[PDB]
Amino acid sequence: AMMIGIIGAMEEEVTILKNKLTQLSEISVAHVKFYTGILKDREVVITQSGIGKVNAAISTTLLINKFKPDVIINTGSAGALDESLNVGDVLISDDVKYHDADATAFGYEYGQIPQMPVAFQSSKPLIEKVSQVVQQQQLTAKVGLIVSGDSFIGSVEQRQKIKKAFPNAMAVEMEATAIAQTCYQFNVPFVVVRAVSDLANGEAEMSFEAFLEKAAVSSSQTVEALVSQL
């Protein structure tokens, strides 16, 4: 009837939710770790994907192909590009695009992979649902464009390059768009529910280390509450 896939890159980003599962089983294929079980009376498969585009694509492709999920939720951290955001704030995806893909030589839009869409769209019913969830959890949050690349944005120079190219980008991280592209290829609805760990600036690396735990808590709290309503 209903199966919910949850993907995060790092152990620290999936451990809270994993420890809340009942009926837990662990499965391993390639470097991907899957934890099947029940969360808030819902079937879920939590996936630790590894970092970056390819690890995310691999993980999402097995998750879909082995567990046939009805929806996929991507959690984890991200660097804030919107100056009004603070560490710990929840980030909800509305569209997602690559900020490091340049095939403009062929006439494609900057960020667009040849023969793919310029952007990928989160499921609108999921955006609406998690929007209700964050408010009732009284967790500061924001919905917006999230951009992905295979680089850690830890300098103002990198940050300005992205801001100039995607003025409306709200946050930046490494897997969301890869997961979204994979979901597009299999036509599976998705939504990203991450949290700010840093401001993607010259202190980003230090901030990331300082707030990794905080971000995992707010994003996990939101994901758990969202799952309970699906």
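Note that residue numbering follows the sequence shown and begins at 1.
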Could you settle it for me: does 188-196 or 65-73 have the higher average Cα B factor in the PDB entry?
65-73
Going by the B-factors listed in the PDB entry, is the mean over the C-alpha atoms higher for 144-152 or for 81-89?
81-89
Could you check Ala30, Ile179, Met174, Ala171 and tell me which one carries the biggest Cα B-factor in the deposited entry?
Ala30
Given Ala101, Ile127, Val96, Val134, the residue at which the Cα B factor reaches its maximum
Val134
If you rank the chain by CA B-factor, which third does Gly111 end up in: lowest, middle or highest?
lowest
Which third, lowest, middle or highest, does the C-alpha temperature factor of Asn201 belong to within its own chain?
highest
Which third, lowest, middle or highest, does the C-alpha temperature factor of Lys163 belong to within its own chain?
middle
Divide the modelled residues of the chain into thirds by Cα B-factor and specify which third, lowest, middle or highest, holds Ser123.
middle
Lowest, middle or highest third: where is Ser49 by Cα B-factor in its chain?
middle
